[PDB]
Each structure stands twice: as C-alpha cells, then as structure tokens.
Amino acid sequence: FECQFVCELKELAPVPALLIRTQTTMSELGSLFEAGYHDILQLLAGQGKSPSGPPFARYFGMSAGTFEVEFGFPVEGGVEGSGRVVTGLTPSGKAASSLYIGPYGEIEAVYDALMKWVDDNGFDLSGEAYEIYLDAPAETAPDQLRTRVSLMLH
C-alpha cells in the first residue's frame, strides 16, 4: 500500500453510536461482528430507527490472542440501548487515516503504510485503531470492498 497520495490526518467529530464493548480473538471476530451487528440493527428496528452511517470497530492490543473491541453503528440521538448494546460516541481527536479497497485479510498492508507515514511526519500513536466498514462484506466483491482505516494519534 502506498501512502504518497491518499493518507491524511483527519479531525474526527464524535457523534452518537450504539455499541457493543467486549473482547474477542481474530478467529472469532467475524462471527462476533455478524451476531452483534445483527443485534444492533434489531435493537434499532426495535425502536423504529435506522443507522445514520456505516458500522465501525475500535481496536487496541490486536496482537494479543484476546483483545478488546468496541463495535457498532452511528445513530441519531434519542436512541436507547438495551442489554450489552450501549449508547456512546464515535471517536474524537486526530487520526492518521486512509481508505483501503480489498479483502480484510490483506488490510495489514494499509496498517504498515500508515505507521510508516506517521513516523515520517513525526506523529505519535495512542495505539488505538479505528475501522469504518463502508461496504457490507457479505454483499460486496472483495476487489471493491471499502474500509477506512484510521490510527488514533496521541
């Protein structure tokens, strides 16, 4: 992945979200997200509401076998949670960010590129990663699958 032209620093505006905040492994992540995103969409339907944008996930310590993950959908205000689905916010602050097109299994390429770009520009990372799944992977060709990848800055 080349960062020459498409990598940028973004100022992220926090907006309301419905989230699940839990922990997972890389093996179980796919099943976790299908289950939890389904459930969030059902809780939204459950109030006669829709998401306000594509779903996302936040990650820290992804090397560990088991790592924290927070994932969900941006929503209108006035939405309530239930069970383990909670109201919160999308990230705020600065991030080093790039659009990535391709299968998730090759996304480390953009991570490597962004960490090089961050080093070249003297920025500091918090260690948190933030992915926005602009396309649904079940319904999209892998060579067209869009994810925005952001590394949060310290």
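So that there is no doubt, residue numbering starts at 1 and follows the sequence shown.
53-61 and 40-48 differ in mean CA B-factor, and the higher of the two is recorded for 40-48.
Stretch comparison (89-97 versus 119-127) by mean CA B-factor in the PDB entry places 119-127 on top. Across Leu32, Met26, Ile107, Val69, the greatest Cα temperature factor reported in the deposited entry is at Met26. Ranking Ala141, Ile132, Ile20, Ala13 by the C-alpha B-factor listed in the PDB entry places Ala13 at the top. Among the modelled residues of the chain, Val149 sits in the lowest third by CA temperature factor in this PDB entry.
Sort the modelled residues of the chain by CA B factor and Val6 lands in the middle third.
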